[PDB]
Amino acid sequence: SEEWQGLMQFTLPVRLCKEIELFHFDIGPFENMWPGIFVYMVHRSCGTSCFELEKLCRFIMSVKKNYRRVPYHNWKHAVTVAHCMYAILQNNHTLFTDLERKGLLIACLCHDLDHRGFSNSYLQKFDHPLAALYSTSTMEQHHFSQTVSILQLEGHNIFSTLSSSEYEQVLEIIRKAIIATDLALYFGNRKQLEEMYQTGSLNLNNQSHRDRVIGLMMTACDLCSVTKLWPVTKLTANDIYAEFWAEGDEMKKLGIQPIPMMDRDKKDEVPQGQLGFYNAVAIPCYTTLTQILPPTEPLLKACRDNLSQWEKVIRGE
Amino acid sequence: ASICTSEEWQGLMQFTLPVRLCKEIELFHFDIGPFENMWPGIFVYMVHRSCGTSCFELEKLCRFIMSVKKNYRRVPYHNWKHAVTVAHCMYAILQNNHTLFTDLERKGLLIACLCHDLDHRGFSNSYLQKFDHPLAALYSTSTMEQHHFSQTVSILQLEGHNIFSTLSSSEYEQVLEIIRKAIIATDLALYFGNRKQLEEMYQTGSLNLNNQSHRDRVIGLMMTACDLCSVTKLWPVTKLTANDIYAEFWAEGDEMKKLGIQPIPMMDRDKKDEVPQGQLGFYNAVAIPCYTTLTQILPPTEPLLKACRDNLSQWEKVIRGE
Ligand SMILES: Cc1ncc(C)n2nc(CCc3nc4c5cccnc5ccc4n3C)nc12
Ligand SMILES: Cc1ncc(C)n2nc(CCc3nc4c5cccnc5ccc4n3C)nc12
Ligand SMILES: [Mg+2]
Ligand SMILES: [Mg+2]
Ligand SMILES: [Zn+2]
Ligand SMILES: [Zn+2]
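Residues numbered from 1 in each chain as written, not as in the entry; some residues may be left out. Chains lettered and ligands numbered in written order. Heavy atoms only, no water. Residues with missing side-chain atoms left out of burial classes, pairs and counts.

Going by the header, the method for this PDB entry is X-ray crystallography, and the resolution given is 2.502 Å.

Trainee: Help me out: how do you make sense of the interface of chain B and chain A in this one?
Mentor: A common measure of how large an interface is: the accessible area buried when the components associate. The partner chain A presents 14 residues to the 13 residues of chain B that form the contact. Per-element accounting of the side of chain B that touches chain A gives the leading share, four residues, to helix α13 (residues 235–259) of chain B. Of the residues in the side of chain B that touches chain A, the class split is eight nonpolar, two polar and three charged. (Contact = heavy atoms within 4.5 Å. Helix = DSSP H or I, 4+ residues; strand = E, 2+ residues; numbered from the N terminus. Nonpolar A, V, L, I, M, F, W, Y, C, P; charged D, E, K, R; others polar.)

Trainee: Could you clarify how one ought to interpret the packing of aromatic side chains in this entry?
Mentor: Aromatic ring pairs are reported here in terms of the distance separating the ring centres and the angle at which the planes meet. Taken as a whole, this structure holds 18 aromatic pairs over all chains when the rule is applied. Centroid distance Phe56(B) to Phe164(B): 5.6 Å. Interplanar angle 70 degrees. Geometry classified as edge-to-face. With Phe56(B) in the loop between α3 (39–51) and α4 (58–69) and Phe164(B) in the loop between α9 (143–156) and α10 (169–184), the pair connects residues that are 108 residues apart, well separated along the chain. Across the pair, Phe164(B) and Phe56(B) agree in class, each one buried. Across the ring face of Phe51(A), the terminal group of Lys102(A) is positioned such that the distance to the ring centre comes to 5.2 Å. The ring of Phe126(A) carries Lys125(A) above its face, with NZ or CZ at 5.0 Å from the centroid. (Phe/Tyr/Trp six-rings, centres within 6.5 Å; stacked < 30°, edge-to-face > 60°. Buried < 20%, exposed > 50% of the residue type's maximum accessible area, 1.4 Å probe, protein only. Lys NZ or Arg CZ within 6 Å of the ring centre and 35° of its normal.)

Trainee: What's the story with the coordination of the zinc ion (ligand 6) in this structure? I'm lost.
Mentor: Residue and element names in this part refer to chain B. The protein atoms that coordinate the zinc ion (ligand 6) are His82 (NE2), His116 (NE2), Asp117 (OD) and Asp227 (OD), at distances spanning 1.9 to 2.2 Å. Each of the four donor atoms around the zinc ion (ligand 6) contributes to a set of angles spanning 80 to 168 degrees, which defines the coordination as irregular. In the primary structure, the donors to the zinc ion (ligand 6) are separated according to the pattern H-x33-H-D-x109-D. A separation of 3.9 Å is found between the zinc ion (ligand 6) and the magnesium ion (ligand 4), both of which receive a donor from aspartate 117. Within this pair, whereas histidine 82 is found in helix α5 (residues 80–95), its partner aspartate 117 is found in the loop between α6 (103–115) and α7 (125–130), the two being separated by 35 residues in sequence. Pair check on accessibility: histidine 82 and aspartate 117 agree, each one buried. (Donors = N, O, S within 2.8 Å, 3.2 Å for Na, K, Ca; no water. Tetrahedral: all angles 85-135°; square planar, octahedral: opposite > 155°, others 65-115°.)

Trainee: How should the side chain of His214(B) be read in this particular structure?
Mentor: All names here are of chain B. Secondary-structure assignment places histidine 214 in helix α12 (residues 212–227). For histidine 214, a relative accessible area of 11% corresponds to the buried category. In contact with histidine 214, not counting residues within four places along its chain, are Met201, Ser206, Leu207 and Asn208.

Trainee: Just to check I follow, could you spell out the environment of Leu185(A) for this structure?
Mentor: Residues and elements named next belong to chain A. The residue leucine 185 is located in helix α11 (residues 184–199) in this model. The class for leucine 185 is partly exposed, based on a relative accessible area of 43%. In this structure the C-alpha to C-alpha distance between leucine 185 and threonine 219, which are 34 residues apart in sequence, comes to 9.7 Å. Not counting residues within four places of it along the chain, the set of residues in contact with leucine 185 comprises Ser137 and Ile179.

Trainee: What should I look at first to understand the UniProt feature "active site" in chain B in this one?
Mentor: All names here are of chain B. Feature annotation in UniProt places "active site" on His78, given in this structure's numbering. The residues touching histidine 78, leaving out its near neighbours within four places in the chain, are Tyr72, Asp117, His120 and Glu248. Here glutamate 248 takes part through its side chain, which lies 2.5 Å from a polar atom of the side chain of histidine 78. (UniProt positions renumbered as here; feature names shortened; annotations may be inferred. Polar contact = N/O pair within 3.5 Å; in protein donor to acceptor, adjacent residues only side chain to side chain.)

Trainee: Even after reading the chapter, I still don't get the nonpolar core, so can you show me in this structure?
Mentor: Buried together is how nonpolar side chains tend to be arranged in soluble globular proteins. In terms of nonpolar packing, the biggest core is built from 91 residues, with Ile37(A), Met85(A), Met217(A) and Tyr286(A) touching the most fellow members. For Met85(A), the residues in contact, after removing those within four places along its chain, are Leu104(A), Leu105(A), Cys108(A), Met217(A), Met218(A) and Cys221(A). Formed by 90 residues, the second largest nonpolar core is a distinct cluster that contains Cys113(B), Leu280(B), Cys290(B) and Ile297(B). (Core = buried A, V, L, I, M, F, W, Y, C linked by side-chain atoms within 4.5 Å.)

Trainee: Please clarify how the packing of helix α3 (residues 34–46) of chain A against helix α6 (residues 98–110) of chain A should be interpreted in this entry.
Mentor: Between two packed helices, the angle of one axis relative to the other and the distance separating the axes together describe the packing. All names here are of chain A. Axis separation between α3 and α6 bottoms out at 10 Å; the angle between their running directions is 165 degrees. As the angle between them shows, α3 and α6 are arranged roughly antiparallel. Between α3 and α6 the crossing geometry is right-handed. The segment α3 lies against α6, with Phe38, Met41, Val42, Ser45 and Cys46 engaging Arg101, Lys102, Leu105, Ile106 and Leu109. Taken together, the residues that form the contact of α3 with α6 break down as seven nonpolar, one polar and two charged. (Axes fitted to C-alpha atoms, helices over the stretch in contact; angles between N-to-C directions. Parallel < 35°, antiparallel > 145°, perpendicular 65-115°, else oblique. Left-handed = near helix turned anticlockwise from the far one by under 90°.)

Trainee: I keep staring at the site of ligand 1 and nothing clicks. Help me out?
Mentor: All names here are of chain A. Taken together, 13 residues surround ligand 1, and among them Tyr241, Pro260, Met261, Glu269 and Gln274 come closest. Separating a nitrogen atom of ligand 1 from a side-chain N or O atom of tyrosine 241 is a distance of 3.1 Å. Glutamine 274 has a polar side-chain atom sitting 3.2 Å from a nitrogen atom of ligand 1. Summarising the interface, the protein chains cover 80% of the accessible area of ligand 1, which totals 580 Å² for the free molecule. The set of elements that each furnish at least two residues to the shell around ligand 1 consists of α13 (230–252) and α14 (270–292). Looking at the shell around ligand 1, the element that brings in the most residues is α14, giving four residues. Residue composition of the shell around ligand 1, by class: nine nonpolar, two polar and two charged. (Near = heavy atom within 4 Å. Areas by Shrake-Rupley, 256 points an atom, 1.4 Å probe, with all protein chains shown as cover.)

Trainee: What am I meant to see in the site of ligand 2 here?
Mentor: Residues and elements named next belong to chain B. The environment of ligand 2 is formed by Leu228, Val231, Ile245, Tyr246, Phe249, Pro265, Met266, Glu274, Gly278, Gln279 and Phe282. At a separation of 2.8 Å, a nitrogen atom of ligand 2 approaches a polar side-chain atom of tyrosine 246. In this structure, a nitrogen atom belonging to ligand 2 sits 3.1 Å away from a side-chain N or O atom of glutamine 279. For ligand 2, whose free accessible area comes to 570 Å², the fraction covered by protein is 81%. Mapped onto the shell around ligand 2, the elements with two or more residues apiece are α13 and α14 (275–297). Classifying every residue of the shell around ligand 2 gives eight nonpolar, two polar and one charged.

Now the structure itself:
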């Protein structure tokens with residue numbers, strides 16, 4: 001209980017007071033500060049007197065305990081996703097309700113809690129007890145379950161000054177928000193919102209339209225490494241493949257063949273895999289997000305910049 | 001026909017190209033995919049850089065473009081993206097052969113390409129015929145293609161949509177004949193006729209470009225290299241567009257099955273397994289021979305052949321397990 005004492009004390013350096021507000025900030029070389037960076041983003045965006053520092057700090061360090069030393073789905077990725085949602089909300093400061101803004105920063109930070117570095121596919125094919133438990137969106141539901149568990153620990157419950165509803169409300173925002181980071185649901189989500197933007201039936205007074213927009217915002221954040229500056233971006237993909245290939249290897253060890261994406265032998269097709277992933281997933285995501293919320297546009301511009309870079313890699317420039 | 005709203009052409013006018021595309025848009029394998037908002041503006045940039053800045057009055061152009069866009073459907077392959085993709089390819093062929101073609105052919109070839117699949121229902125020349133469609137009653141060879149051009153004229157004739165405003169009546173009836181011929185020749189059923197003669201005209205040193213009927217033949221083949229240029233893009237783009245081609249076909253195959261009739265394999269989703277061999281078969285029967293004869297006639301277009309070879313190997317790899 002002295003981890004969360006060395007967190008109450010943190011002051012974000014003035015030199016980062018601007019850098020952080022930029023959509024393309026790389027938290028990468030600020031390891032020590034990451035839990036202080038998140039304290040900063042919460043305060044700036046939700047208020048200094050909405051979470052009682054201690055309970056907030058208690059929370060954050062515990063969440064941090066509960067992320068494993070995997071190559072990609074780690075503490076560095078929680079913060080990075082949290083950061084991006086900060087940037088989204090800051091640039092849209094009016095659309096989102098007090099209760100949402102708090103939920104979403106929290107939901108982002110726990111969204112991959114206690115990941116083991118295994119896809120849902122993997123968990124389900126090998127009848128692992130988490131697949132036994134949640135047939136669909138397997139990891140995502142554990143993540144949430146794990147959010148619930150850290151909160152119910154002594155003195156971690158940061159929502160203890162809220163109505164019955166108000167408490168069951170925010171968690172629900174978090175539930176739906178964490179679930180939405182199952183990428184298999186993203187495709188549906190995005191196609192509904194597209195038809196709803198063309199048609200024009202899109203209504204932000206409708207709470208199930210709110211859900212889909214928040215949904216998409218979670219994908220955008222989750223995927224946000226494709227929006228960083230190219231060296232960060234290049235590097236963070238290496239970490240992605242390292243997670244996948246360790247899952248690929250684990251499959252070989254079982255006399256079973258992994259897919260190419262998970263096949264380190266296939267290192268070479270990486271750039272074309274990225275280009276494929278940008279055209280099929282990333283770009284449409286940031287494209288529709290921008291349609292819905294215009295200020296999010298530097299997300300799409302940077303995504304286009306990295307797509308070019310991946311093209312150049314493939315073509316030899 | 002359908003009018004386009006006011007606001008549509010007014011933003012189109014204010015639009016400006018990013019300095020990094022100006023570089024990439026000139027290149028053959030350039031993919032327009034990730035710049036949807038920019039497409040109608042990519043057309044202007046393209047027109048202007050090919051046919052001049054006062055070729056047409058922006059206002060009239062922009063109206064036409066936006067009304068060309070809205071007369072495309074949300075079908076899977078033959079849509080607004082495909083039209084601009086085909087226009088982009090023309091542009092890049094023109095640019096590499098810029099003085100081989102009259103100012104008047106480049107205006108008309110770029111519009112033709114923009115308009116060459118207007119109001120595609122999502123159906124083939126065989127379906128419409130076989131099932132005695134109105135359109136099939138109206139036009140009985142090159143069915144949709146004829147309709148595509150009928151559709152162009154209709155868009156030409158609309159208060160403010162006529163971009164051949166300032167043309168002599170003579171030149172007006174000329175650019176309409178470049179366009180007609182260009183569009184019809186996108187009927188792939190004709191390509192095989194066209195390519196054999198061109199191939200023949202090539203092996204004898206008798207092809208001549210100031211010979212008009214040889215000109216039209218060359219133009220038609222340009223229209224084919226453009227219609228198929230998705231096979232010249234980088235692999236992950238080629239594969240993704242293949243998905244959309246098949247989405248459309250299989251949607252048609254599904255209609256036939258309903259109607260009491262068995263689709264050809266290409267249109268039957270139950271036959272996916274042979275996709276690679278359909279691709280392999282199409283690259284050898286159709287596309288490779290397209291870009292080979294194109295590069296013999298217009299050697300700067302060669303990067304189209306090289307990229308077509310690149311993706312032919314990819315389908316071959318896809319084939320052998322890999
Ligand atoms: C989930 C996610 N987030 C961010 C990023 C930048 N990525 N990149 C991916 C993987 C994209 C991908 N790579 C391949 C691939 C690579 C080498 C050989 N074969 C491959 C086949 C499919 C791939 N995909 C979808 N997933 C993600
Ligand atoms: C009209 C067009 N333009 C571009 C491209 C890359 N394509 N590719 C096609 C389909 C080519 C094709 N597919 C099959 C096929 C597919 C599954 C099963 N059997 C098949 C038999 C022949 C096929 N062909 C020619 N049409 C096009
Ligand atoms: Mg996750
Ligand atoms: Mg056509
Ligand atoms: Zn994540
Ligand atoms: Zn076409």
